[PDB]
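Worksheet: one structure, shown below.
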Amino acid sequence: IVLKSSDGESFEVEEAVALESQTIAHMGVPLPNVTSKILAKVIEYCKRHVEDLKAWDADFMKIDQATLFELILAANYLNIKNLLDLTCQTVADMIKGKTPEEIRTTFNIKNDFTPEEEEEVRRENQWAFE
Amino acid sequence: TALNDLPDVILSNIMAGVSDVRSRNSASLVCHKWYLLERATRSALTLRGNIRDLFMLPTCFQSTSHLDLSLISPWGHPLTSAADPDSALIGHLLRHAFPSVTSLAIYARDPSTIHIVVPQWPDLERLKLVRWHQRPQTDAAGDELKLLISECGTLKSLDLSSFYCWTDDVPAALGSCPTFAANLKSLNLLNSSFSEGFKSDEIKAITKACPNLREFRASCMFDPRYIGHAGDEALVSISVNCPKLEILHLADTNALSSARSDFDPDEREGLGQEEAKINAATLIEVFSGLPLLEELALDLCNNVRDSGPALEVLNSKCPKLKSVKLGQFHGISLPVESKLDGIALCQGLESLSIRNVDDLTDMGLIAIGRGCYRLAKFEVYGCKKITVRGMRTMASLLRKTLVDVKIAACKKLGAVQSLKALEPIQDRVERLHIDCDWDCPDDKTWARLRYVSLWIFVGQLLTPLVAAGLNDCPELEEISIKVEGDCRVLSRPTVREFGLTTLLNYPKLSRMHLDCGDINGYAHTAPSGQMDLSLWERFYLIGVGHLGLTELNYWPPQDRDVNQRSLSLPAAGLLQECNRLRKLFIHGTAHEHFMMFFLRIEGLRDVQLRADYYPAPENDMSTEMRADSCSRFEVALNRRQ
Amino acid sequence: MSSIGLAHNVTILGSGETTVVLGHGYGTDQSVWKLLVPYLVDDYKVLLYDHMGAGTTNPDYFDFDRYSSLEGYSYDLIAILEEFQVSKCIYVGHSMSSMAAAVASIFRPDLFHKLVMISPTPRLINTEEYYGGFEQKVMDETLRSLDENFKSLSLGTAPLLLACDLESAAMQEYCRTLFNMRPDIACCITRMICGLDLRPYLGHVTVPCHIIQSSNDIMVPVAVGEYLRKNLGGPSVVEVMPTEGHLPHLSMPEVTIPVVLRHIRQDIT
Amino acid sequence: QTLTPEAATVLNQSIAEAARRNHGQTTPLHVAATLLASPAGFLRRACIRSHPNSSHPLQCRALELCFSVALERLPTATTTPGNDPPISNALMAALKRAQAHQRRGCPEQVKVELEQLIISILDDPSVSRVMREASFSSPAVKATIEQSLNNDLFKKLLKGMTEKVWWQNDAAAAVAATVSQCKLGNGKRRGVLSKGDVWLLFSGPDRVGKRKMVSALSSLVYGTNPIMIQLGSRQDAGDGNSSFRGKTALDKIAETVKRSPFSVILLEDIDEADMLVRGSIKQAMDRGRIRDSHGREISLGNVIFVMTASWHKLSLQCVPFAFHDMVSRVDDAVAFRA
């Protein structure tokens, strides 16, 4: 099988690699929602999964945040459970060990909490053994 | 793109992955969308608060599934009492605040607590009862356990591993409604606080009531000296009545104790050292009756000999077997020429735990290593014949998979010997336990080591630990120390400190367990020229402030004669010096004056006095803990800004 | 209930018209009577409480001005007794707490029907003619240690001095529980005890007193019992038991408890 | 349209109050204040029942006051009063929660009844927050509303004891019989289940003969020396063990039984023991476990117990009424001859 990116680029896909994606397996096969580098980053993972693992996976995670968001969007659209849950876990790793301000700063997050609301949420949180 | 532009479903998926509760609380303060997501996503909650202000309970945790009420302050307090009529309202309050609860752990101080809280969730699936206090007097046996049977109840797992009760309560409760017992798929009775293990007849009745059990753990009495002790008939009844069993854990009550003087046959004044009513033929029949068995643990305080044939039958009749734990089973490995035998034929084992094996030699260890080539965790206790050569070679054989090793009470294998023995797997081991024995006669980077457990006799120092070989542990993060012994017979230390400053050698250390609770000494009155427990607490805790600890579990030493585990002045003073502490649990008692020392710690959030030992102080009159002291301390801690 | 009942952890047990009040010694709390209480609850109304210096009480309620003298403790005891409608009580006290009860009886005789004392002493510092306590120098060491502990806690360093670091081996047993309190409160109570002396007031006590001492006690001389019998203003009896330690009612219950129960149940003195 | 006529009424009155002040949106604070009105409603009774401090009548009106100030804190909207303000998102949340709570309570099978609605709007964070400053806790009143809604051997030992204590032949034969039969299983049973512990009461005036008797019985059946515990006015230089430290007589008994589950225990002068010790022995004989001074329970095992009595086979006429229960519940009672 040969797939087509949104930009129009074409990539060659193995049959087992195609069966990795439920969306692709159920459905030229143009992909008008994903770009070329998305396949260039997902196909090696698909092939490795079809056929050391921890180090290689950690190396493959070594990508910038925005590229990672495009990846998880692509995993959702292609509906690949393993890729999507690994990606979401990888992002949630930067959630841990950070204060709310740090999350906002690393994530260009805008704060809409009034001091009273923040105090109330802290009061609710005080009921859970961390 | 930013995350708020992502679809919400993968937000729920991505944010169900942060299990660290501190991180979850931090995430709840990001924004309104994130807060709503976290509150709809949190599944496990361990309730933190006081009984008085339980009507200030938040209702934001509507989607939780597992709820833990055993840590409600004051610890062990009766959550519901029959003396107060408005205690009926607590059931409704909990039911409404957590409507989607399937797994529950509650402190069952009183029967009314059970009868009011447990039947609230008809969909309750797993129950864990905790009670370290006295068993209240009831009209018959199992009256407080009968309260679990609800009309619309479908309880599936029952946990009594910490719920102190009479062993006669279990069979009486299980015989009162056959539907309730038949619905049970798991049953944990491995409670070390039982005065005596279950009888033979009680085990028979328990297993007859519950034919669908998938996991069964029990604290049985295997001493032949007693009447009705569990023997062959009990085990064959287990095999016949529960053919679906996947986990079977029978251990004698003494084998479960925290103190080594209770189960060690060497340390008991002639106790044990006599055969149980367990034959090789009976074990063969038992294993033949459990084709689905996956985890086996037979930890007896009485010897079973020539068990090699039974362990061989284990390999053929239990293909799914993965973990075996054997206590005082002898002849488990008796190699002749080169043919593997006994436990060495169980190639499918992943973790092996053996204890007090007289027959075991170096060849036995070599056979275990060569046969059980899939072994990932190995625990050996109290084998007097094995040496460094055998253990080192067994490590080298299993060097591909062995990541967890425990070497305790081995006469010929000291601390230095154990560390030299673990050299072939030095760069792979993750969890490690040794005895700090410096008196045993006869490239070095622990790259993956993450957890170290130590056992050391009272009055000994910890400084030689670095010279012992445990020098460079870049990834070491949690260390647990257990100190056992009787210091009433011991003189004053000639060295001022135990040496917790030696633990500065490991830069990533942030968690601690200092279990001194099994030291016996003099609490407030020493007879004459003796040294009280405050001196030993000072000796052990000095320099604990230098370590950058963030969590600390402390077990104060006890005075068995008067039954008290008080925190002394030097102990509180030193624990106050730990500025970085985030959680601080003390498994004992401390009055208000010492408890208020801890408000100096700025980063401190979780503090509790947990008397999780038998018997817990029955009331405020009998100990130096008061409910008002607890409430005042908690209010002062929360108000700190 | 009441503020006084919450500030002193007062508990009422047992039944019957006669009330027994158990006053613990300094440095401990009402938990020290957990071995005696079961023997009394059947046929007595036992009143247990913690005086304001005890570690189980709120350190904020402690008034350094009021409790720099024993009169504060006697007034607190009178307030506790009057609040719980206790009259003609039987008081069992340990060292230096029975002294406070005796002063309270001086002020309010109607409250106390008898006094049972466990190793009491009117004045703790012995003079040249008075051998009824310890030498001033041997207690100066304990005062120094308590002051140093308080100084250490002020700076945020752990207090690292105990009664086991003294040299008397009798100060070790006597002062062991004095370090079981917040260091400033410990200093205040210790200075009060050092300055305490009830020798002039011994003639104003009219309630019977049942002095109980240890055989050949190294800590408080046995002659103090005879001294009090000679100076007490009311009926008095002295019994000696072959016990030892600062807390015989806890460490040696099988010997101390029969003696205390007998002295409680017999009035003739 | 998914509400009861009364709930529809109270919602539209909340709406009318919203349209009279033009404050933008119909927040659930308004509907809660509506519930405060119409005194026939259940919220007043629930509030007075929930808090003891709420029994004061004007505190309920103080609740109205604190709702009112929060409403006054709401900026107005530039719109005609002849319109329905948009009910806030919290109100759809509360209504949906009401629907769900109604659904779950009758799993067998929607028009929402008044009490589910009021629970739902107490669940609103703003309503609870406002109530908290007014000394009112929404969970307490909520639970109150929900609760209101519910409205051979014989001779082989006989020869030896007859050798030792030949002046007590008849009592020796009787005790031989009883000990042999309880050991063989022909003795009293702790209910339907059998028991191993044996409980013997040894009356009579011969003390030294009784002591040598129990010594012989111990050395024969168990081959061990007896254990010297006294309870009465019989203390000497052996029982007065200060080495035990914080142990009373009951503590000594419990520790000895725990450490030696296979021996004979003789208790001296059960008649002169304290009422506490006798009560503890009664509890041990009923429940089969001895409790010591710290509340710990210790299994009796099967220890041979003998109580050395002195009242004058044991006749019931010679037993004081206080000890009658012990004799009735003891396994056997043996009277030594003078």
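Please note: Cβ atoms are built from the backbone with ideal geometry, for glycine as well, and neighbour counts cover all protein chains shown. Only the coordinates and a few stated rules stand behind these numbers; no lab work does.
Side notes on the structure shown:
- Taking only the alpha carbons of the protein assembly as shown, we obtain Rg and Dmax values of 35.9, 118 Å in that order.
- Estimated distance in nm for a label pair at B:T494 and D:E272, the labels positioned 7 Å out from Cα along Cα-to-Cβ: 5.1
- Cβ-based net charge around B:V452, under 10 Å, with every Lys or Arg adding one and every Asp or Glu removing one: 0
- C:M96, A:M94 arranged by Cβ crowding within 10 Å, fewest neighbours leading: A:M94, C:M96
- Placing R0 at 51 angstrom, the Cβ-Cβ distance between B:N183 and D:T78 gives a FRET efficiency of 0.20 after rounding to 0.05.
- Spherically averaged projected area in nm², based on the convex hull that wraps the Cα atoms of chain C: 13.6
- Chain C, relative contact order in percent, only Cα pairs under 8 angstrom and at least six apart counted: 18
- The chymotrypsin sites (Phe, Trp or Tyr not before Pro) found in segment C:119-155 that occupy coil by DSSP, while having at most 13 further C-beta atoms within 10 Å, are C:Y131.
- Cα Rg over Rh - chain B, Kirkwood: 0.96
- Antiparallel bridge percentage (DSSP; both residues within chain C; nearest 5): 15
- Between the listed residues A:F113, A:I38, A:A58, the Cα displaced farthest toward the positive end of the dipole of chain A, a dipole computed from Cβ unit charges relative to the Cα centre, is found at A:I38.
- For trypsin sites (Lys or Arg not before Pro), the sites in segment B:188-244 that DSSP calls loop and that have at most 16 other Cβ atoms within 10 Å are B:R225, B:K244.
- Per-residue Cβ neighbour counts within 10 Å put B:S351, B:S12 in the sequence B:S12, B:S351, beginning with the fewest.
- The orientation-averaged projected area of the convex hull spanned by the Cα atoms of segment D:153-335 comes to 10.2 nm².
- Beta bridges per DSSP with both ends in chain D, % antiparallel, nearest 5: 15
- Assuming charge only on the beta carbon of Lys and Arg (+1) and of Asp and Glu (-1), the dipole of segment D:5-149 about its Cα centre is about 160 debye to the nearest 20.
- Placing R0 at 45 angstrom, the Cβ-Cβ distance between B:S288 and A:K98 gives a FRET efficiency of 0.20 after rounding to 0.05.
- For segment D:5-149: rounded, prolate or oblate by the Cα gyration tensor [a/c cutoff 1.5]: oblate
- Each principal axis of chain D carries a Cα extent, and these read 117, 46, 36 Å when sorted largest first.
- The three principal axes of the Cα atoms in segment A:3-130 give end-to-end lengths of 56, 33, 25 Å, sorted in falling order.
- Within chain C, the longest run free of exposed loop sites, counting GluC sites (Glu not before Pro) that sit outside DSSP helix and strand states (H, G, I, E, B) and have at most 12 other Cβ atoms within 10 Å, spans C:18-127.
- The protein assembly as shown, helix-only ellipticity at 222 nm - DSSP H runs n ≥ 4, -39,500 (n - 2.57), divided by all residues, nearest 500: -11000 deg cm²/dmol
- Each residue, D:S148 and C:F107, gets one label point 7 Å from its Cα in the Cβ direction; the gap between the two is 5.0 nm.
- Separation between Cα centres of segment B:384-435 and segment C:118-170, rounded to whole Å: 52
- Panel values: segment B:1-42, Kirkwood radius from alpha carbon pairs, Stokes-Einstein at 37 °C and 0.692 mPa s, translational diffusion coefficient 320 µm²/s.
- In terms of surrounding Cβ atoms within a 10 Å radius of their Cβ, B:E285, B:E144, A:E119 rank from fewest to most as A:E119, B:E285, B:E144.
- In segment C:136-189, Rg over Rh equals 0.95, where Rg is the alpha-carbon radius of gyration and Rh the Kirkwood radius from pairwise Cα distances.
- Spacing of the two label points (7 Å from each Cα toward its C-beta) at C:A169 and D:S315, in nm: 6.0
- A:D112-A:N82 FRET efficiency (beta carbon distance; Förster radius 45 Å; 0.05 resolution): 0.80
- Entries of B:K244/B:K325; D:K156/D:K212; D:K164/D:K282; D:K183/D:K258; D:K156/D:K313; B:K204/B:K244 with Cα pairs more than 26 Å apart: D:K164/D:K282
- All other residues whose Cβ lies under 10 angstrom from that of C:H51 are scored, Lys and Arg at +1 and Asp and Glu at -1, for a net of -3.
- Counting only DSSP beta bridges with both residues in the protein assembly as shown, the antiparallel share comes to about 10 percent.
- Three-way shape call for segment B:525-641 based on the alpha-carbon gyration tensor, with the a/c threshold at 1.5: oblate
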